[PDB]
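Observations on chain architecture
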Amino acid sequence: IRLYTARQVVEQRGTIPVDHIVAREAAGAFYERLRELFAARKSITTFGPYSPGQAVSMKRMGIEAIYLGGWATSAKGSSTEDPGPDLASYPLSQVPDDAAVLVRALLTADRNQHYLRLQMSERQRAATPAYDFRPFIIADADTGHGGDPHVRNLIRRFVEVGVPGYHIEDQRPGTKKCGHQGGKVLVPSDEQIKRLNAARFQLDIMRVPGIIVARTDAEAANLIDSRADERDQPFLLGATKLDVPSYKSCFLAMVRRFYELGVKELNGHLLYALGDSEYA
Amino acid sequence: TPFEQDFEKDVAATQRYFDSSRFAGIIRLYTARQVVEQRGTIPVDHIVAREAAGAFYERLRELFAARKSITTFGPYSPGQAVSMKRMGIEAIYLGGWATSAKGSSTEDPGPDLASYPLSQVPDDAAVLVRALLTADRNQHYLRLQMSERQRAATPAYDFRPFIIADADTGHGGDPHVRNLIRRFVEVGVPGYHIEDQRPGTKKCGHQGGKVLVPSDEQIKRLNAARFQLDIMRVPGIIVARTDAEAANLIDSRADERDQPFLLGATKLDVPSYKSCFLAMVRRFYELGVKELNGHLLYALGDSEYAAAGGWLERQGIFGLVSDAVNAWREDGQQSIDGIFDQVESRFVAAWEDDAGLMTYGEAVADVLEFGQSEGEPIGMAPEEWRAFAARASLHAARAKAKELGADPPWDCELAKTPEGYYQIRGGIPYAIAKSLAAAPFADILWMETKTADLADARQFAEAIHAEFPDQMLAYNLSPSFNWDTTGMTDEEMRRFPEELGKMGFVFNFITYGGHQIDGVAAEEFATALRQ
Amino acid sequence: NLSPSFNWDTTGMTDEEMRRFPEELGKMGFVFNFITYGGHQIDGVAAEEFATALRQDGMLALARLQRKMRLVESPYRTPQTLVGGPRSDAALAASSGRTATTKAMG
Amino acid sequence: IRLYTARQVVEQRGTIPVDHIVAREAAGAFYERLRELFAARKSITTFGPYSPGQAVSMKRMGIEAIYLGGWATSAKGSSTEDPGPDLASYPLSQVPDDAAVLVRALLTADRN
Amino acid sequence: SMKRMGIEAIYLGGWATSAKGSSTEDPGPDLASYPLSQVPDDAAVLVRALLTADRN
Ligand SMILES: [Mg+2]
Ligand SMILES: [Mg+2]
Ligand SMILES: [Mg+2]
Ligand SMILES: [Mg+2]
């Protein structure tokens, strides 16, 4: 389902022709291959390469496609980004920039392989394996790094450097926790679907049949940032004893007591303006 | 041990820094120890940002005390920035509007959606800082070749990087804010502004759909920024912007400080705004307008669709939908864009009218006024209730109203947008409330304004200064605000900047002025070359 | 190439000779002739002028700029349109299935 | 005169299709226009735009083509390059990076 | 990892920089034909990693 028309796509495209041929052709062949494997109940088993050489080696060893994730992108950093944990707090250009290196390595490996194969005899070619360096990549788009214009920008940046596949997850950006059992925060399904739909819109504009992967984090999620979506509402937890003061007010009253008893470092209650009656 | 001593020494130095007059009245939600444990052992120093921030802040304090101000604009090139300083403008603004318009080698230019990567404004600022430092090196080289008399005769320009740059909404949560501030500091920028909008919701050419975040979220952005600046030992200038003057929506009802401004329905048999909107779209679809399929974004139940349909029928909206589809057919089934927009406008007006939208404070006031008119004994005076409601959480307001035997029907859930955003009473009072909450977490406060109006500015400034008399302010001047259709005299326009300064607006800026003059210059030169 | 730093007024050329110079180049098969860093120069002059005007005449500096834009019907008079506001709004409508709220109540 | 053969070009290209459509189509039409002007003993008279807006404005005012020079690129600098004189001492990516901004502005102006 | 294992200093060469490429530079042989920013940009990543490891 697209929440827009063909006319709405065309009116974004202008008059000067563009063509994202690497992403377009890779996406076509990659999708067909995945459909083939699905029909046969077979699969590709891969890993995230950490260097262009790793990506090329994977294809030489027979692995048919490549994963690229934000965890490793965070760990690697860049000339302006300090390495760190998987918070998707890098600029939204970060994973596309990393993917661009992999695509260039793959296309370059293809050029170098072909150059050598042109110098071979027909029998030598039949005897010597030719590796498949097509850029079959699914890359991490995190939560889309904001709203629809962020999603579209991120997808655009992936497509421009030749990436045919992208994954978007139903988390709230900027809430990722390290080494905690709680505090994983979802967004409503309408917000997630609009990310997926925005991605499709951008791919359509660019004439790239890119592969959209929808990830859910609901298996271990604890929280959601809105109660508005009907599809989330069956999973909402509520109090049934309505004379119990709010969780929030109780938490803040507890912190304030620590503070008043002399633990000056616990001053987080000063973030809020809770009234006297509610504190009481 | 040496290890423990080294740590305790930096903690002590960091505490002295925290306690210095620079940060009088600022609340940090963390300790000196929490800063020091982030810093490692290998020394770093962001000397350009650190020294610029010190001198810039002192100058702003000086101007504030004298009720004077800097009036500046956003340079669109490094040359513009150097030129401004040569002409005697003391500081520089850098905004996201112009950054969006300019694009980059990988970013298409476009509208001000802050949808560029969060590196975008820092990268633009880096060019300006390098230009300023380079201008200083070149000026000094030439001045060293001069005689003493030549130096006394020839003006030396001040190329110090006194820049306040746009950090938008912080481009996410605390790690995004800290990353953005880090990137600014590393390239020498001493000042940053953060606004209380929800990222990814900016609208182009609409009177609605401006979406705020709760004050706790905004304050945490400001606090995260201070934390990063503290780690980096840069006394950077934090500017807290509020968009509440013209905001329509907020993405949460959870913060007590926003709750007095929430709008709720007072006629509770009206079906939800959301369900009515979706039922309207679904009717267009079912009547054969396949392009209006937005209702397929949601999974609304049959009972809710039916109730919303009942309302749309009764109010004549389904009549308007029928008329609209017939007109669409008569016109050859082209884009429904304009026809749909017109029906949507009528729908919104009809829903608002029937729902009886007001604040909870207004709803209770109506009940108390009625009691008074009926000659029932007053539990509290109208003005007394309004004063109470203005600073009360919804919980506290309801509890107090219940004591007074005023329990009016009021439901802010019914009035939520399809996205799930709450409607709020935007205006200068809301801007004041958000800004007062932010004041202990920021060095400068700014109420975003569309129109240049001294009375509006005064209302804001006087309200802030009643609680925080030492609070420096900043004022934006939109390049697209038509000055000539205000009817202001030439002299009123001349005096406007000075008038701002008198009210404690110390740093006032024509956001994308550079972009505008760049365009005019190019048009003129291209025309002249051709002719 | 036409150097921006070459002093045209000290050539002794008439105004009309300066007007005709580009056409004269074309007649000799110079098909593409260019003032190399013209943009840099006009950028500088524009900034000097505006900064001076702002310091001297406050917001009248902006009013005068706006007047010039109206006079020549520049697209800079509606900057939000110039940078693509309308097409971006249409992209939001497509991305959200026209469910994004743009109309106000109050 | 090319000092190489068609075979020498093809053996560099690999097997995975690429297409630089914007440069390819612009170069075709631009060259044809210059040949037309040359035949008519006419010319384009232009200047180096210092911003994307300047480039878009030039085209709006009817200038048919754009120059981009190293002098201005040196003067402008970048986030990592100090501005300075025309020494072509910037990294070789510098003028292409500046040109990329102009191309994006032009394509975007066309879309809008 | 090198520093964790006790190696006291680090080398960074153009051969490997050429082999790695970048978002705009195709990988290839050691011709030092990358922009002159290329090896500094690669070194910047290493310095940030080292300072970050120290902080952690
Ligand atoms: Mg991720
Ligand atoms: Mg303050
Ligand atoms: Mg040159
Ligand atoms: Mg070397």
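Residues numbered from 1 in each chain as written, not as in the entry; some residues may be left out. Chains lettered and ligands numbered in written order. Part of a larger assembly, values for the part shown. Heavy atoms only, no water.

1. A word on the overall build of chain A
To be explicit about the condition: Secondary structure elements are defined from DSSP: runs of H or I of at least 4 residues count as helices, runs of E of at least 2 residues count as strands, and each element is numbered from the N terminus. What the globule rule says is 2.2 Å times the number of residues to the power 0.38, and the radius of gyration is computed from C-alpha atoms. Classification of residues uses two cut-offs on accessible area relative to the type maximum, computed with a 1.4 Å probe and protein chains only: under 20% is buried, over 50% is exposed, and between them is partly exposed. Residue exposure ignores everything except the shown protein chains as possible cover, and the areas themselves are Shrake-Rupley values with a 1.4 Å probe. When charges are tallied, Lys and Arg are placed among the positive residues and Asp and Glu among the negative ones, while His and the ends of the chain are skipped. Taken as the charge centre is NZ of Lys, CZ of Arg, CG of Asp or CD of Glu, depending on the residue.
The helix and strand inventory of chain A stands at 10 helices and six strands. Computed over the C-alpha atoms, the radius of gyration of chain A is 24 Å, more than 25% above the 19 Å expected from 2.2 N^0.38 for a compact globule of 280 residues. In terms of principal-axis extent, the alpha carbons of chain A reach across some 90 × 45 × 40 Å. Per-residue burial over chain A gives 47% buried out of 280 residues. Put simply, chain A shows about 14000 Å² of open surface, and 56% of that area lies on carbon and sulfur atoms. With 36 positive and 34 negative side-chain charges, chain A shows a spacing of 5 Å between the two charge centroids.

2. Describing the overall build of chain C
Defined as follows: Note on contacts: a residue pair qualifies if any of its non-hydrogen atoms lie within 4.5 Å across the two residues.
On a plain count of helices and strands, chain C comes out with five helices and one strand. The N-to-C order of helical and strand elements in chain C reads α-β-α-α-α-α. A compact globule built from 106 residues should have a C-alpha radius of gyration of about 13 Å, whereas chain C, at 23 Å, is more than 25% larger. Taking the principal axes of the C-alpha coordinates as reference, chain C spans close to 70 × 45 × 20 Å. Relative to its full complement of 106 residues, chain C shows a buried share of 48%. In chain C, once contacts between residues fewer than 6 apart in sequence are set aside, the share between residues at least 24 apart is 34%. Total accessible area on chain C is roughly 5200 Å²; 53% of this is exposed by carbon and sulfur atoms. Taking the average location of the 12 positive side-chain charges in chain C and that of its 12 negative ones, the two points are 14 Å from each other.

3. Notes on the interface of chain B and chain C
Our working definition: Simply put, the buried area is the total loss of 1.4 Å probe accessible area from both parts when two parts are fitted together. Salt bridges are defined as contacts in which a side-chain nitrogen from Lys or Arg sits within 4 Å of a carboxyl oxygen from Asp or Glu. Two N or O atoms count as a polar contact when they lie within 3.5 Å, although within protein this holds only if one can serve as hydrogen donor and the other as acceptor, and sequence-adjacent residues are included solely when both atoms are side-chain atoms.
At the junction of the two partners, chain B supplies 75 residues and chain C supplies 50 residues. Of the roughly 5200 Å² buried at the junction of chain B and chain C (both faces included), carbon and sulfur atoms supply 62%. Linking chain B with chain C are nine salt bridges. Along the contact surface separating chain B from chain C lie 24 residue pairs in polar contact. Of all the secondary structure elements, the ones that give two or more residues to the side of chain B that touches chain C are β1 (70-73), α4 (78-87), α5 (96-102), α10 (273-286), α13 (337-355), α19 (490-502) and α20 (513-530) of chain B.

4. Structural notes on α19 of chain B
Here is the rule: Here a helix's expected span is defined as the number of its residues, less one, multiplied by 1.5 Å.
Over its 13 residues, α19 of chain B extends 19 Å from the first C-alpha to the last, a length consistent with the 18 Å expected when each residue adds 1.5 Å. All of the buried residues in α19 of chain B are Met-493, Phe-496, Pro-497, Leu-500 and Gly-501 of chain B. On its buried face, α19 of chain B is in contact with β1, α18 (454-467), β10 (472-477) and β11 (505-510) of chain B together with α2 (38-57) and α3 (60-71) of chain C. Backbone geometry just downstream of α19 of chain B places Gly-504 of chain B in the positive-phi region, at approximately 95 degrees.

5. Examining the sheet that holds strand β5 (residues 211-215) of chain A
Residues and elements named next belong to chain A. Defined as follows: A pair of strands is labelled paired if DSSP reports no fewer than 2 bridges between them. To define axes, lines are fitted to C-alpha atoms, for helices over the stretch in contact only, and angles between the resulting N-to-C directions are given on a 0 to 180 degree scale.
Strand order across the open sheet formed by four strands is β1-β2-β3-β5, with parallel pairing between neighbours. Looking at which strands have only one partner, the edges of the open sheet turn out to be β1 (66-68) and β5. The average undirected angle you get between the axes of adjacent strands in this sheet is 20 degrees. Sheet analysis places strand β3 (residues 165-169) next to β5, joined by five bridges and oriented parallel. Counted as the bridge partner of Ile-168 is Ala-214 from β5.

6. Looking at the interface of chain E and chain D
The cut-off we apply is this: Three classes are used, and their members are as follows: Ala, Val, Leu, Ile, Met, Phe, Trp, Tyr, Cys and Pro are nonpolar, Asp, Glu, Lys and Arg are charged, and the others, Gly among them, are polar.
Facing the five residues of chain E at the interface are five residues of chain D. When the area that chain E buries against chain D is broken down by residue, the three leading residues are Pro-35, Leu-36 and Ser-37 of chain E, summing to 80%. Summed over the shared surface of chain E and chain D, the number is zero salt bridges. Taken together, the connections running from chain E to chain D amount to zero residue pairs in polar contact. Of the residues belonging to the side of chain E that touches chain D, the class tally is three nonpolar, two polar and no charged.

7. Quick word on the sheet that holds strand β8 (residues 422-423) of chain B
All names here are of chain B. Across the sheet, which stays open at both edges, the three strands sit in the order β5-β7-β8 with mixed pairing between neighbours. Sheet topology places β5 (211-212) and β8 at the edges, where each strand pairs with a single neighbour. In this structure, β5 lies alongside strand β7 (residues 249-250), joined through two bridges in parallel fashion. Residue pairing for β7: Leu-212 is matched across the bridge by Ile-250.

8. Side note on the coordination of the magnesium ion (ligand 1)
As a reminder, the rule being used: Each metal's donors are the N, O and S atoms within 2.8 Å of it, or within 3.2 Å when it is Na, K or Ca, and because water is not part of the set, sites may look incomplete.
Coordination sphere of the magnesium ion (ligand 1), protein contribution only: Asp-140 of chain A (OD) and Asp-142 of chain A (OD), at 2.2 to 2.6 Å. Each member of the pair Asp-140 of chain A and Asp-142 of chain A is classed as buried.

9. As for the pairing of strand β4 (residues 191-195) of chain B
All names here are of chain B. Within β4, five of the five residues are buried, leaving the element largely enclosed by the surrounding structure. Because side chains alternate across β4, one face comprises the buried residues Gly-191, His-193 and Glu-195, and the other comprises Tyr-192 and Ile-194, equally buried. Here three bridges tie strand β3 (residues 163-166) to β4, and the two strands are oriented parallel to one another. Within the sheet, the bridge partner assigned to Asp-166 lies in β4 and is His-193. Of the pairings in the sheet, the one linking β4 to strand β6 (residues 237-242) comprises five bridges and is parallel in character. When the bridges of β6 are listed, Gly-191 appears paired with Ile-237.

10. Quick look at the UniProt feature "active site" in chain A
As a reminder, the rule being used: UniProt positions are given in the numbering used here, feature names are shortened, and annotations may be inferred rather than shown by experiment.
Listed under "active site" in the UniProt record, and renumbered for this structure, are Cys-178 of chain A. Among all residues touching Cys-178 of chain A, those that are not within four sequence positions of it are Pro-85 and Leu-87 of chain A.

11. Things to note about a nonpolar patch on the surface
Where we set the bar: In this analysis, a patch consists of residues with relative accessible area above 30% that form no salt bridge, clustered at 9 Å for like charges and at 5 Å for the nonpolar side chains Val, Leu, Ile, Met, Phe, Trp and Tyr.
Residues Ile-1, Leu-3, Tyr-4, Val-9 and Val-10 of chain D make up a contiguous nonpolar surface patch of about 610 Å² in total accessible area. With respect to the helices, strands and loops of the structure, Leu-3 of chain D is situated in the segment before α1 (6-10).

12. Examining the environment of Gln-531 of chain B
Locating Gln-531 of chain B in the fold gives a position in the segment after α20. Placed 426 residues apart in sequence, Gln-531 of chain B and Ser-105 of chain B show a C-alpha to C-alpha distance of 33 Å.

13. Digging into the pattern of salt bridges
Within this structure, the stated rule accounts for 89 salt bridges over all chains. Salt-bridge contacts for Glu-524 of chain B lead to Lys-68 of chain C; the nearest nitrogen and oxygen are separated by 2.7 Å. With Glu-524 of chain B in helix α20 and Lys-68 of chain C in helix α3, this residue pair bridges two chains. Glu-524 of chain B sits in the partly exposed class, given a relative accessible area of 41%. Judged by relative accessible area, which is 38%, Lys-68 of chain C ranks as partly exposed. Salt bridges linked by common partners bring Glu-81 and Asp-82 of chain A, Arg-182, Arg-183 and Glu-186 of chain B together with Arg-48 of chain E together as one network.

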